[PDB]
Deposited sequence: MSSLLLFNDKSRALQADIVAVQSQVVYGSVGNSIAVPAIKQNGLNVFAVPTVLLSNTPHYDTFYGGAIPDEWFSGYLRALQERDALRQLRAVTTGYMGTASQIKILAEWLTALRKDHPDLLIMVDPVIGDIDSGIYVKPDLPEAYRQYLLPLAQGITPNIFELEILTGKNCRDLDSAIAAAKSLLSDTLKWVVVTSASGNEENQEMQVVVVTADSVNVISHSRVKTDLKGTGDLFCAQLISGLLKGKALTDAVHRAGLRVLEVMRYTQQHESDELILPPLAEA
């Protein structure tokens, strides 16, 4: 819309719906800083607000109440701070009810934002989380333009049973559609190899980085953070996927150099 007046509200290119930790580097707590480094602005709508990841001996907090979550999304439209919105990334969701609301918000939002790149990360592994899969299939999946599932995630989501490249690539294809343009499947195979397969309607690219064995969390969230930034900045999908992975590696090293059990972002 060219005929729209100037909005005195803040603007952001991305709305990241993920978890938030007071202490830690996961979800938006690590995503937002990363996006900010790429020179982009972002609004972070938490799914859950925890003291830290449930991976430590103790953690506190819970899932954001629907009325709240619902309001947070709505408010953004009312404050009129979505003119520059070019993408919406979804990470760890706390409940299926949240996914439905987000899907409702996204459906209505697309009507005005056609270039809206709804990237979705199918976090369904704690075997599977209850009710979360169907919610994804019915609400988010149909809207997602890109999905970054891992072997497992892709397996339960597609019901298919990937056992080899072709299989994993085939399942990916089955998810493509008029809306879903790509599927970035990843797998962590000491020294942990990170195998990534980029699948689209007219091509299948592959990338493979060697990774440091660690208990560091948020690497996936960080990856998605740099994936989306690389894309909103013009990089080719497979180019953005490659870099993103290199960036995550640069971060994990830097993090281990300072011997930190939680990710630390070094200048980008």
{"query": "Stretches with no C-alpha position, numbering per deposited sequence from 1", "finding": "1-4, 131-135, 199-201, 281-283"}
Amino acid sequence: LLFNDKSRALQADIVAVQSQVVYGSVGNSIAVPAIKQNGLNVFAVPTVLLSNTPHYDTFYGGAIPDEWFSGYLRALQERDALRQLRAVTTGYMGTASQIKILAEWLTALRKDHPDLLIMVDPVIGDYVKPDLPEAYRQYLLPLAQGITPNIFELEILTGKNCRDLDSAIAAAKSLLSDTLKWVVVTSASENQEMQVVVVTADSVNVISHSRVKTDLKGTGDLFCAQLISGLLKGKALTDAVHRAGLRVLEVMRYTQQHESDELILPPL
From here on, numbers count along this sequence of modelled residues.
property: Average Cα temperature factor in the PDB entry - higher stretch of 227-235, 44-52; result: 227-235
property: Higher-B stretch (mean Cα B-factor, as the entry records it), 114-122 or 158-166; result: 158-166
property: Highest-ranked of 144, 101, 93, 109 once sorted by CA temperature factor in the record; result: 109
property: Relative C-alpha B-factor of residue 20, binned into the chain's lowest, middle or highest third; result: lowest
property: Among modelled residues of the same chain, the CA temperature factor third for residue 201; result: highest
property: Third of the chain, ranked by Cα B-factor, where residue 72 sits; result: lowest
property: Ranked C-alpha temperature factor of residue 176 among modelled chain residues, by third; result: middle
property: Where the record places residue 136 (Cα B-factor, split into thirds across the chain); result: lowest
